[PDB]
Amino acid sequence: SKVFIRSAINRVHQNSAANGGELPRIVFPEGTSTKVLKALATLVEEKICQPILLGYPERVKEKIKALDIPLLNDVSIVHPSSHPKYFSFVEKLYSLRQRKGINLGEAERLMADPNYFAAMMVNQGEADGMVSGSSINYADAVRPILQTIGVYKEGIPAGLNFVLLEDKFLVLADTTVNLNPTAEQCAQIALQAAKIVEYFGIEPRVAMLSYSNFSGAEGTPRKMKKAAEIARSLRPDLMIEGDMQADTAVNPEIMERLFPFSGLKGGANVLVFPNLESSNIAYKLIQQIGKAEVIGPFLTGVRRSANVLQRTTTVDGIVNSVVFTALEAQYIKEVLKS
Amino acid sequence: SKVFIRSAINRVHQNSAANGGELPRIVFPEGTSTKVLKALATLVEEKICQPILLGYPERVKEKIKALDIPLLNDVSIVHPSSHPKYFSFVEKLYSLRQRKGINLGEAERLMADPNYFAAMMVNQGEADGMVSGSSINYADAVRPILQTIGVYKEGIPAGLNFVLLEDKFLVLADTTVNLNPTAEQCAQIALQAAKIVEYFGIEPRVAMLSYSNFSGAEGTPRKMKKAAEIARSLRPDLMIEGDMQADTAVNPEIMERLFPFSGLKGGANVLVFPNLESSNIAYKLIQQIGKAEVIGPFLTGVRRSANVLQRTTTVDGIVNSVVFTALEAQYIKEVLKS
Amino acid sequence: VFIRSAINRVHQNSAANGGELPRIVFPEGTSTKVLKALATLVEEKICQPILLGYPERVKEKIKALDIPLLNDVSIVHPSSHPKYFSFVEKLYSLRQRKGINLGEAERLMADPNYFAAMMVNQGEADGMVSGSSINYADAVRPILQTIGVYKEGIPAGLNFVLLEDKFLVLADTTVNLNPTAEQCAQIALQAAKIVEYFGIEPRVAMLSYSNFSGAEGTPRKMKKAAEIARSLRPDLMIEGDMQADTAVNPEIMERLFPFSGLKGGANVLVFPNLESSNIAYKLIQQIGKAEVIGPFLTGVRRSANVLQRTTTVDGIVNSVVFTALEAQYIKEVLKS
Amino acid sequence: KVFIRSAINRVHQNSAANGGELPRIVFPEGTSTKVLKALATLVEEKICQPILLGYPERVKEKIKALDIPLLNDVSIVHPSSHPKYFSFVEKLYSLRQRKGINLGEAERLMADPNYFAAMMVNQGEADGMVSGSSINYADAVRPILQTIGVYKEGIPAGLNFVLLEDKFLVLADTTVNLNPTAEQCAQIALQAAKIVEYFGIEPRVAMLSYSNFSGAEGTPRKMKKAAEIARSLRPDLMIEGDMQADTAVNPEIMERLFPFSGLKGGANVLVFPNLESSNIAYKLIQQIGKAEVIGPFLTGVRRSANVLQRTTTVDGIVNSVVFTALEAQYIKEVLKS
Amino acid sequence: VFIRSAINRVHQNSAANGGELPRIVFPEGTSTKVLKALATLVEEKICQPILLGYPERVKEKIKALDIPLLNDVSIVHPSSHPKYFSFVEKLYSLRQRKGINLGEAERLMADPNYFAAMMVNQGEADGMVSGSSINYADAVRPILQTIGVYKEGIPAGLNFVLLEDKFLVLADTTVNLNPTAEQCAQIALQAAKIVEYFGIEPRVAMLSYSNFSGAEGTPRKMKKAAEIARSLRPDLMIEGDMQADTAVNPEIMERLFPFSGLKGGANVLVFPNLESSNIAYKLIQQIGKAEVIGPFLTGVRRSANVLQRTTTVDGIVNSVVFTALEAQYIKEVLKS
Amino acid sequence: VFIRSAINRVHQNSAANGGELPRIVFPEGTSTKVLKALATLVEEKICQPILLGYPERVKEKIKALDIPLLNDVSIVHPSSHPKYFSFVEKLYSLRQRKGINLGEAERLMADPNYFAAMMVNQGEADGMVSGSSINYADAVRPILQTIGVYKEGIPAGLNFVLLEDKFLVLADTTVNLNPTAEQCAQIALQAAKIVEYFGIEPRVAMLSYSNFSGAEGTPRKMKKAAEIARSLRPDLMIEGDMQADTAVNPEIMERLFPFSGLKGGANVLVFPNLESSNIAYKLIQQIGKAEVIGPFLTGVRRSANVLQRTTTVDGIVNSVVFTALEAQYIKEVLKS
């Protein structure tokens with residue numbers, strides 16, 4: 001139940017040791033959020049990250065005392081408009097977005113907000129990653145990240161969750177960003193999810209989900225059939241199939257008995273959804289009524305390490321999410337050193 | 001999870017004993033379907049129904065003997081084109097659909113098909129219910145039912161599934177029929193699911209699911225917020241709320257902590273979905289990877305007793321589905337004693 | 001005139017290779033008008049008919065109708081035929097990513113229309129004729145799903161209007177609700193080829209409610225259809241957009257639109273939508289004083305034709321003669 | 001030809017009840033060869049008094065080149081020099097001043113024979129008009145619709161008669177509406193029915209489709225609904241649809257295959273789903289059937305005005321003018337009621 | 001002249017009301033042009049200004065600009081104001097079914113634009129003026145979300161063109177991209193009532209690129225807007241569709257369109273889309289010889305105006321004078 | 001002054017061509033304001049006017065107006081012109097697949113607007129000026145159908161605002177309801193070349209209600225129009241999306257958007273739709289205190305301009321002076 005998460009913690013430790021013992025600097029814009037602070041007590045004990053809290057230092061240190069969490073007494077607290085880099089950060093956002101309606105006045109007002117300040121910190125290398133969204137809706141938390149840090153080349157911003165089963169994990173995407181991805185977008189989501197599965201030493205086997213089995217009819221069935229064709233043309237080395245129903249996808253015996261002509265054998269471990277209603281409802285329902293741990297969402301497709309929590313998260317969910325944000329920050333920091 | 005199903009079995013028996021010992025006559029158009037026949041061995045042993053098989057008697061009896069299946073030697077096997085009521089049934093389908101493109105030629109050709117013949121048997125009272133779809137896709141199996149038996153007044157054809165948890169069940173709909181139901185259709189689906197929950201002695205508490213919490217924004221959030229408003233005016237005695245995410249819906253602690261203004265307290269036990277992708281994927285994923293039994297889909301909104309299996313069903317799934325079809329057939333047969 | 005030469009043309013083909021008559025399967029084994037027509041067709045050695053149905057029910061109808069020549073016609077019940085499960089597997093193989101698994105294939109192959117289409121596809125018959133008792137959409141769907149269209153073809157119905165110096169070809173009278181400019185050009189090329197098979201020069205008009213207006217909508221569409229077809233067959237006279245009397249009357253064309261590329265009157269009329277084609281051929285047939293034969297299904301890989309359900313017995317006879325000709329043509333193409 | 005001779009006799013019969021005066025029919029195409037040749041017959045048969053529009057010199061020159069003596073004293077009116085010209089300009093302006101027609105536009109339009117003819121009819125200086133022999137239908141019909149307009153709940157629609165051996169068939173709308181709605185197809189049907197009743201015949205109406213009683217999305221559903229709407233407005237008539245064209249006209253096909261239908265004995269009024277189907281059908285029947293087809297006749301408009309098909313023969317013009325004369329006489333009676 | 005009369009009504013209003021001046025909050029406490037304008041406005045007893053920001057950095061800007069009269073001005077930092085958490089709760093109460101929970105409400109209320117809107121909404125200020133340093137959309141959204149539109153109202157920007165003998169009103173210059181006919185009628189009525197407050201008879205033109213054409217698109221929309229508005233205020237001259245020179249020039253209208261119901265020239269011009277209204281007032285402002293004041297936000301429940309970010313120091317002075325007038329009018333309405 | 005310099009260049013062009021004056025045909029031979037304008041224009045040796053109409057009714061209007069220099073003006077009645085039937089054949093030749101047969105061609109060619117257009121097309125006149133009496137759409141349609149656009153040209157109206165230090169050019173003020181980004185760039189290039197003919201460097205702003213936002217709709221379209229135009233004339237300053245005051249005021253541009261490629265103020269303003277351009281130039285003309293001349297039709301193969309029907313007499317004089325300049329320029333390009 002816990003095995004995949006403690007293997008992640010152990011990989012964070014191996015990465016820290018291979019780099020002087022340094023921990024990733026993870027900035028939290030919600031410096032007074034009760035669940036973030038309670039989670040950070042566990043995370044600092046486990047040497048997962050060096051946290052940076054954003055807010056008015058007096059009020060963050062007020063909240064830490066009311067919650068009685070001494071292990072954070074040293075933790076750095078930064079008030080955005082008083083940080084020495086504020087004016088350079090204002091200038092950078094203006095430079096990036098002056099033809100997207102951000103003049104100096106808009107940049108100045110946005111950079112005062114902790115979410116924008118956290119995103120620019122990560123973009124500029126003043127932090128290695130960020131974790132936000134514990135106290136506000138996903139759209140408002142993710143917009144600063146997409147506008148500031150942006151997507152890498154050909155990337156698509158997309159949320160991913162792991163369902164931690166007994167044999168294996170299953171990856172679900174896109175659980176957070178795209179309302180109704182096109183066939184081309186679902187293929188790119190599949191490739192992004194696939195390289196994450198490969199990072200963990202697993203063979204990705206991809207199903208494009210629908211309410212139909214290999215019907216190819218207009219609408220969602222046709223879209224997910226074409227998504228699988230596009231993804232296969234970009235990664236012909238992977239098993240990728242669709243359109244198919246969700247039990248057809250995960251159960252190898254159903255697949256073999258009913259659709260043995262299919263190219264997907266042994267059950268899918270990457271499930272790509274046709275719309276945001278389906279992915280968002282599915283991972284949340286599994287999390288609540290299944291008997292498996294679900295971790296995420298993790299934001300993929302973006303140039304730097306940045307993750308948005310689901311606002312319904314528990315304290316333990318934040319701990320799990322920061323562990324994988326630390327792993328992502330370490331990976332990206334090593335890419336930026338080659 | 002065996003308790004909710006064994007209680008249904010005992011209610012089928014109590015209904016039979018309260019009516020002369022009659023068992024409900026359930027017709028199965030797929031007379032040679034391996035899983036249907038294996039299921040019927042258990043269903044006859046458990047005195048759930050009088051099964052009627054459709055097909056060529058020697059091909060059906062050959063399959064029963066090749067599978068070594070007892071208790072089916074007395075079972076009625078009917079070939080549609082040789083049944084005495086065939087031409088009357090042709091006459092009736094023409095009468096019903098002559099301005100929908102069904103002349104006598106079309107009616108004769110359709111009525112030779114077991115799925116069409118089974119539906120007319122139920123419509124005309126020659127059977128008390130039917131169960132189909134073990135060997136063909138849902139759209140093709142459900143179309144004869146909707147075209148022949150049709151919806152009751154203001155009903156909407158809609159599939160419903162039960163998730164049987166340890167302390168409660170959850171109802172999911174519409175898992176099979178409507179691709180993208182309107183706000184008005186999602187209210188009617190909720191009302192149909194609510195009356196099913198009440199038949200089992202439980203108070204229904206209804207959530208209109210979205211990827212959003214009380215955002216009411218254009219698109220799905222607005223549709224599901226409005227669907228809850230319509231349903232509240234139609235059943236002002238019930239807790240009905242939306243738009244909300246799936247974990248907000250089922251977890252009473254999340255709702256109270258984050259949205260205490262909501263009218264839904266104590267957790268939803270009826271989940272109404274915004275489109276068929278989300279509902280169909282969700283119940284199949286829960287069934288495969290959750291550790292709870294999922295029964296259904298059950299076709300609601302139709303004038304007579306008729307259910308379509310998921311073609312991915314197991315034999316035990318068919319046994320479970322027929323138990324509840326028997327209950328529906330007994331209930332409708334007793335309403336028709338007015 | 002035109003029909004008797006076609007009948008002789010079937011006999012000419014039979015003698016030339018094998019001596020065998022084309023095997024034509026009729027899925028509607030109990031259809032009264034089909035059975036009455038087959039009395040004439042067997043007497044004239046047009047085809048070896050294969051009827052689909054329950055043998056005893058088909059034999060009751062033949063006896064009840066008192067038709068003597070059908071005493072030993074072959075009658076086949078789909079589910080009992082030795083090739084039934086082979087046909088089921090083939091349909092699954094063809095359509096498994098179009099929603100047809102083995103369960104769907106078994107259910108469909110028990111239906112005579114599907115079984116007839118597969119018999120022809122597999123070479124167990126040389127052609128089929130259906131649609132005497134059901135609507136065209138339901139009769140043609142199994143053919144298109146099983147046999148399919150040839151490379152770059154478009155399924156399209158074609159009718160012949162038989163005047164005294166002339167025949168006119170009308171298309172597409174049955175399939176496409178609202179064909180695009182590209183589709184109307186392809187329909188034109190398919191019709192032009194049938195006309196050439198009968199030794200006639202095809203002269204094609206893309207019909208509209210307009211004369212060379214080129215305005216948005218149907219006029220622009222039919223103007224472009226003629227341009228596309230001209231680029232694909234630069235050797236033919238093809239013109240549009242033009243009205244129907246402009247198209248067929250060489251005098252109106254010369255007097256009012258001498259700049260047009262179509263002179264001497266069109267004998268191939270391509271229609272802009274299915275309302276116009278379907279109503280027009282049926283009205284000419286009923287109230288005109290010319291015989292109309294067809295519709296004939298063009299663009300498909302094997303020989304298969306769907307009757308209009310309003311057909312007379314004599315209309316079935318005419319349709320089967322040309323189905324036999326198509327079957328012989330395709331069957332001889334399929335050796336080389 | 002029986003049906004045409006009976007119409008000719010009713011024009012004379014109507015003339016006898018009013019002093020012997022003939023309807024004044026204006027022809028804007030004063031130099032059109034086929035119009036002039038047709039008028040020689042029409043003046044001979046006392047169908048109408050024609051009024052030609054143009055330059056008197058060019059019109060009388062053309063009459064002389066074709067050697068048609070019976071037209072050497074027909075009235076010729078040049079729009080811009082006629083005494084009512086400035087009055088006509090003011091009227092078109094008064095009618096269309098919030099439809100983009102000012103005094104400048106009205107002066108320019110009224111100088112054109114088609115507009116001048118339409119206004120002559122609108123103002124009672126003529127009893128009817130016939131145009132469209134030399135220009136496309138759209139340009140000929142637009143001045144009529146803009147000047148005279150539709151009567152209340154009316155719809156502009158062209159109608160043709162197929163004169164069979166023992167009935168006529170009415171086809172509509174063969175000229176105006178590209179793609180009428182179900183509601184418009186109902187109104188076209190009612191307009192055609194009242195014309196059929198004028199000739200002493202019972203109207204039996206079919207809404208044509210490529211389908212028989214399918215009711216499927218698109219044209220089948222539209223023509224099924226057109227029949228329902230029209231039936232509610234004239235519950236005394238047989239009106240049915242959707243149905244195919246041979247189903248509609250052949251009583252034996254209808255009785256054999258669709259005995260539940262409300263249309264028995266065959267339709268004599270065929271209402272078409274779009275302009276492609278109606279325009280092609282009447283032209284093809286006219287060219288290749290062996291029945292006479294007369295029209296199109298413009299229905300739904302407040303005064304008598306018809307537009308010929310530009311492909312017309314001289315005898316077609318003669319046939320069309322006879323029924324325009326009848327229409328002109330009918331409207332002149334109502335305008336005294 | 002029109003401006004001295006507005007100032008002078010603010011003064012009469014302040015008189016007879018204890019000497020009280022309207023409390024106007026400016027969220028942009030460090031904005032150079034806002035501070036420079038306030039030197040003139042407090043000097044002239046127009047308003048008691050409240051500046052939002054970090055007090056220490058606002059006084060820093062005031063000293064750099066050498067404005068000694070602003071030393072005693074009230075400066076409020078949103079997050080430390082005693083009512084801050086009360087304001088958070090109010091926004092949550094208003095917008096909890098529009099996606100604003102306590103977390104969102106608390107984050108938004110820390111922003112000066114949101115804090116100013118709530119101050120006005122709760123009666124802690126009598127009006128607000130924003131938008132000198134950020135785009136109009138970002139400045140107006142908090143006002144629309146917090147204060148909202150009154151019943152049947154439409155949010156719409158309005159400008160006055162102050163000519164020598166008269167003023168012209170233009171709307172909607174800021175809010176609606178492409179108003180419907182119904183919205184353009186409601187905009188006309190809102191502007192008409194403002195003109196009546198200044199003692200003038202409103203004469204309304206619905207502007208288009210066409211004169212009385214009524215053709216599909218913009219001509220039909222503006223013809224219909226005038227018909228709708230005429231039915232709601234039949235006592236007023238309201239006409240359209242018409243071009244802009246037809247609208248303002250009584251001689252052109254009389255010479256070319258004497259049938260029109262608009263005589264004596266329009267003084268209210270309602271535009272068909274935001275491109276036309278926004279470009280028009282700015283171009284007249286830059287190259288004409290007339291003063292243009294505004295835009296003024298109409299249709300909202302309390303006094304709140306958004307500057308054009310291109311404003312001069314005089315523009316801000318002009319705008320605040322009329323915001324003060326609006327604030328005083330509203331405060332009396334809320335006194336019954 | 002700008003107009004007086006134009007008149008002098010007409011004379012300088014005339015002197016260099018043997019003293020010949022351009023032949024300008026006016027289809028509105030009886031239009032009061034045209035006739036009064038021609039009194040000034042013939043006195044100023046601007047053009048040789050040709051009036052269309054009935055020679056008797058035209059001379060009847062001239063004498064009643066008392067215009068002595070018009071005594072020997074050429075007056076042409078289209079149906080009586082010796083080239084009439086040649087012109088009918090030419091219009092038929094051009095448009096026979098656009099719905100114009102010989103009958104339509106005869107009827108249209110009898111209309112002065114069509115006849116005036118064909119005279120210019122065939123070289124029987126050097127230019128035409130119409131639209132004093134009728135709406136712009138009806139006046140411009142014959143020109144576009146007969147003369148047409150030069151290759152890749154776009155028909156577009158242009159107006160000059162004659163300011164004190166400079167002029168501003170506005171387009172497209174008359175033709176395109178809602179030009180695409182690609183069309184807006186082409187309008188910019190045409191306007192740029194006219195400004196260069198007057199010896200001035202064009203600086204182009206793509207106008208919007210937004211400043212450099214690039215948001216969907218008009219902002220994105222005008223940002224993209226500027227990008228396309230820059231790639232076609234990399235030597236010019238061309239920028240967008242921007243508001244109208246940002247565009248014309250160099251101090252606003254430098255203070256608020258110094259990253260912009262446009263410095264020193266735009267003198268060419270390209271509008272996003274016809275509502276904005278048409279209302280703007282008419283409002284500036286009526287309530288600004290600067291003269292506005294035009295509209296002038298650009299993008300067409302020959303010299304032809306449509307007046308605004310609301311024009312004054314002095315406006316027609318101004319318009320004809322520049323039509324004369326265009327006619328003279330075009331005649332030496334056609335001597336290649």
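Residues numbered from 1 in each chain as written, not as in the entry; some residues may be left out. Chains lettered and ligands numbered in written order. Heavy atoms only, no water.

Method of determination, as annotated in the archive: X-ray crystallography, at 1.9600 Å resolution.

Peer 1: Mind showing me how you'd approach the arrangement of the chains here?
Peer 2: When C-alpha atoms are compared, chain A and chain D, though not in contact, are closest at a spacing of 17 Å. Of all C-alpha pairs spanning chain B and chain F, none lies closer than 18 Å, and the two are not in contact. (Contact = heavy atoms within 4.5 Å.)

Peer 1: Would you explain a nonpolar patch on the surface in this entry?
Peer 2: A contiguous nonpolar surface patch, about 370 Å² in accessible area, is contributed by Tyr-197, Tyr-329, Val-333 and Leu-334 of chain C. Owing to a relative accessible area of 42%, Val-333 of chain C belongs among the partly exposed residues under this scheme. (Patch = residues over 30% accessible without salt bridge, like charges linked within 9 Å, V, L, I, M, F, W, Y side chains within 5 Å. Areas by Shrake-Rupley, 256 points an atom, 1.4 Å probe, with all protein chains shown as cover. Salt bridge = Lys/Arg side-chain N within 4 Å of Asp/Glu carboxyl O. Buried < 20%, exposed > 50% of the residue type's maximum accessible area, 1.4 Å probe, protein only.)

Peer 1: How should the sheet that holds strand β5 (residues 157–163) of chain D be read in this particular structure?
Peer 2: Consider a sheet: its strands pair through backbone hydrogen bonds, and that pairing is either parallel or antiparallel. Residue and element names in this part refer to chain D. Taken in spatial order, the six strands line up as β8-β7-β9-β6-β5-β10 in an open sheet, and their pairing is mixed. The open sheet has two edge strands, β8 (238–243) and β10 (292–299), and neither has a second partner. Across the sheet, the axes of successive neighbouring strands diverge by a mean angle of 20°, strand direction being ignored. Examined bridge by bridge, strand β6 (residues 168–172) and strand β9 (residues 269–271) share three bridges and lie parallel to one another. Across the sheet, residue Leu-171 finds its bridge partner in β9, namely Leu-270. (Pairing = 2+ DSSP bridges. Helix = DSSP H or I, 4+ residues; strand = E, 2+ residues; numbered from the N terminus. Axes fitted to C-alpha atoms, helices over the stretch in contact; angles between N-to-C directions.)

Peer 1: Teacher, can you tell me more about the relation of the copies chain A and chain B here?
Peer 2: Mapping one chain copy onto the other needs a rotation about an axis and a shift along that axis. In screw terms, the move from chain A to chain B is a rotation of 180° and a rise of 0.0 Å along the axis, fitting with an RMSD of 0.3 Å. Seen this way, the second copy is the image of the first under a two-fold rotation axis. (Least-squares fit on C-alpha atoms.)

Peer 1: Would you explain the packing of helix α8 (residues 181–197) of chain C against helix α9 (residues 218–232) of chain C in this entry?
Peer 2: For any two helices packed against each other, one specifies the crossing angle of their axes together with the interaxial distance. Residue and element names in this part refer to chain C. Where α8 meets α9, the axes come as close as 8 Å, and the angle between the chain directions of the two elements is 50°. Judged on the interaxial angle alone, α9 and α8 are oblique. In this structure, α8 meets α9 at a crossing whose hand is right-handed. Along its contact with α8, which presents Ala-181, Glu-182, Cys-184, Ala-185 and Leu-189, the element α9 presents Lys-221, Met-222, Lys-224, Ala-225, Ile-228, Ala-229 and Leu-232. (Parallel < 35°, antiparallel > 145°, perpendicular 65-115°, else oblique. Left-handed = near helix turned anticlockwise from the far one by under 90°.)

Peer 1: Explain helix α12 (residues 274–287) of chain E to me, please; I cannot follow it from the model alone.
Peer 2: Count 3.6 residues to each turn of an α-helix, and residues three or four apart come out pointing the same way. Residue and element names in this part refer to chain E. With 14 residues, α12 extends 20 Å between its outermost C-alpha atoms, agreeing within 8% with the 20 Å of an ideal straight helix rising 1.5 Å per residue. Counting buried positions along α12 yields twelve of 14 residues, so the element is predominantly enclosed. Buried within α12 are the following residues: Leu-274, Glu-275, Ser-276, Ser-277, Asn-278, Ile-279, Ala-280, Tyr-281, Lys-282, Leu-283, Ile-284 and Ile-287. (Expected span 1.5 Å × (residues − 1).)

Peer 1: Mind showing me how you'd approach the domain arrangement of chain C here?
Peer 2: Interfaces are often sized by the amount of accessible area the parts lose when they come together. All names here are of chain C. Under the domain assignment used here, chain C contains domain 1 (1–148 + 301–336) and domain 2 (149–300). Taking only C-alpha atoms, the centre of domain 1 and the centre of domain 2 are 29 Å apart. Contacts between the two partners involve 23 residues from domain 1 and, on the opposite side, 21 residues from domain 2. The junction of domain 1 with domain 2 conceals about 1900 Å² of combined surface from both sides, 61% of it contributed by carbon and sulfur atoms. Per-residue buried area on domain 1 facing domain 2 is highest for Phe-2, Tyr-136 and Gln-308; these three make up 31% of the total on that side. Going through the elements one at a time, α1 (2–16), α7 (136–146), β11 (304–306) and α13 (313–333) are the ones with two or more residues in the side of domain 1 that touches domain 2. With seven residues, α13 is the largest single contributor of residues to the side of domain 1 that touches domain 2. (Domains from an automatic or database assignment. Buried area = accessible area lost by both parts, 1.4 Å probe.)

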